[PDB]
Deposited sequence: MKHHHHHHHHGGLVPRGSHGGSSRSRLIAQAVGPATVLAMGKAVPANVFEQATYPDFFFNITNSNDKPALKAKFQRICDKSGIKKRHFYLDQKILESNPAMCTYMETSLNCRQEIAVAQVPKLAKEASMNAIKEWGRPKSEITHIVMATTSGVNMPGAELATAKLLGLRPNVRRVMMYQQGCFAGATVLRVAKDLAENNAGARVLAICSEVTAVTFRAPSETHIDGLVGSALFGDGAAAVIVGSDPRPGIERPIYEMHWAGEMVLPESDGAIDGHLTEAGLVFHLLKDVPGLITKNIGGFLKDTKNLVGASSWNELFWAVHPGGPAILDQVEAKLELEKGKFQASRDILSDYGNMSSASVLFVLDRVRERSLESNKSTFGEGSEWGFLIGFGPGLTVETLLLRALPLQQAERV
């Protein structure tokens, strides 16, 4: 260790560098979606036209039916007429097309992530140089260097930012980035984590086929979007304001769910195959999984909690709601996102959490959790994994 013009000559057993004291907290949230808006009502027309499937009326009627019951009003896509016409392979069913899909995704994911991040950083109000870690997830393509570095570069973060990139995880990654951010923020004094999820449909988009019904469901639900969250423990008075506190983060693989959802990255892009009743498996096991955690804070009723659930589709929301006998308004934030954005994979649940904060603000509620002190952020996906975080919502001033 140098001192002035001379020198002097650390922690044997104990830790050389200190950890934080308080629980990790959500300090800000931001989001972004591409410019092209596609109304669900007439999406079948565009879809069957661009994929040259107009001579398949029965299949189109099937897709229209799926779209009509999707609970989705509109979706945002980077993909448009021009891009798809310039990439005919992507408009076929299974023709070799990974290279053109990767070219699109590798560029769009970090771009959308940067916008969501800037929105979060703007609400946060602190210099981007204070960001010490970046944690990111996407199921839209893979590259080396990863999308997290591409994003950090677009944002102009410090060269020594600690990174965690989690590619190809699926619909439960929204909860995953927060679980990872929680430990990074809590175990490092002063740490401020930028947690991101960015998804684009370039890798999954493909022509409809009666030989791939699962593909029909995906083409009706998946949309584009990115969300960013600033996470940190020990908020500084005056310049930072906690919205939620993270107190528990866990997950589990559901019994008898092997093969429920398989995702294969192939020469033709990403293809999903479903084998079991996902909504059923989740509904049957969700209660037992959550019970233990609720008990940690003495919560007895499901309705005393607020919910930020991944809007995988209308079926999962309806069945869980019924199973837990929740008041109609408990899942409204989730339904609001499904309606305005569709299923944006991992970023969806983050959009839902921001919406919970939004509804609390506009409805003059006593907390950021629409009036409830404790709540669950839930994500689910492949392996039939259910991820969950127990959040405590901070007080919100009322009129």
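Peer 1: Point out each run of deposited residues with no C-alpha coordinates, keeping the order of the sequence.
Peer 2: Missing CA coords at 10-20, 411-413.
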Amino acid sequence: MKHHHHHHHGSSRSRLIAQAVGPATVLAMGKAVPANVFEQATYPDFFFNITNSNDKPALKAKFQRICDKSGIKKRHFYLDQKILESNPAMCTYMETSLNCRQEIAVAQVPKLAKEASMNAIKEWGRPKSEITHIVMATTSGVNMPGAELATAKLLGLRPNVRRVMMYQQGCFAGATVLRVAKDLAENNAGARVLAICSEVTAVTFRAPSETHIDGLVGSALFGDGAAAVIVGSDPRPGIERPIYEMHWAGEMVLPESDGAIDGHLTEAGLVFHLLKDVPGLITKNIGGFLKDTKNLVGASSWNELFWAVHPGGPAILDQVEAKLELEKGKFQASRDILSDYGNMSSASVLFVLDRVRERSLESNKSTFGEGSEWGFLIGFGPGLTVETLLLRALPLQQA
From here on, numbers count along this sequence of modelled residues.
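Peer 1: State which stretch shows the higher mean Cα B factor in the entry: 284-292 or 225-233.
Peer 2: It is 284-292.
Peer 1: Determine, for stretches 89-97 and 152-160, which one has the higher mean CA B-factor as deposited.
Peer 2: Between 152-160 and 89-97, it is 89-97 that shows the higher mean C-alpha B-factor.
Peer 1: Looking at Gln332, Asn54, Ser348, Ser70, which one carries the largest C-alpha B-factor according to the PDB entry?
Peer 2: Highest CA B-factor of the listed options: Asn54.
Peer 1: Just grab whichever of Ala120, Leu274, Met165, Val193 has the top CA B-factor as deposited.
Peer 2: Highest C-alpha B-factor among the listed residues goes to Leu274.
Peer 1: Please place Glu327 in the lowest, middle or highest third of its chain according to the CA B-factor in the PDB entry.
Peer 2: CA B-factor rank for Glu327: highest third.
Peer 1: For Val352, does the deposited CA B-factor place it in the lowest, middle or highest third of the chain?
Peer 2: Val352: CA B-factor falls in the lowest third of its chain.
Peer 1: According to the PDB entry, is the CA B factor of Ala107 in the bottom, middle or top third of its chain, that is, lowest, middle or highest?
Peer 2: Its C-alpha B-factor belongs to the middle third of this chain's values.
Peer 1: Select lowest, middle or highest to describe the third in which the CA B-factor of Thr25 falls within its chain in this entry.
Peer 2: According to the entry, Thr25 has a C-alpha B-factor in the chain's lowest third.
Peer 1: Going by what the PDB entry lists, where does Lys82 fall on CA B-factor within its chain: lowest, middle or highest third?
Peer 2: Top third by C-alpha B-factor.
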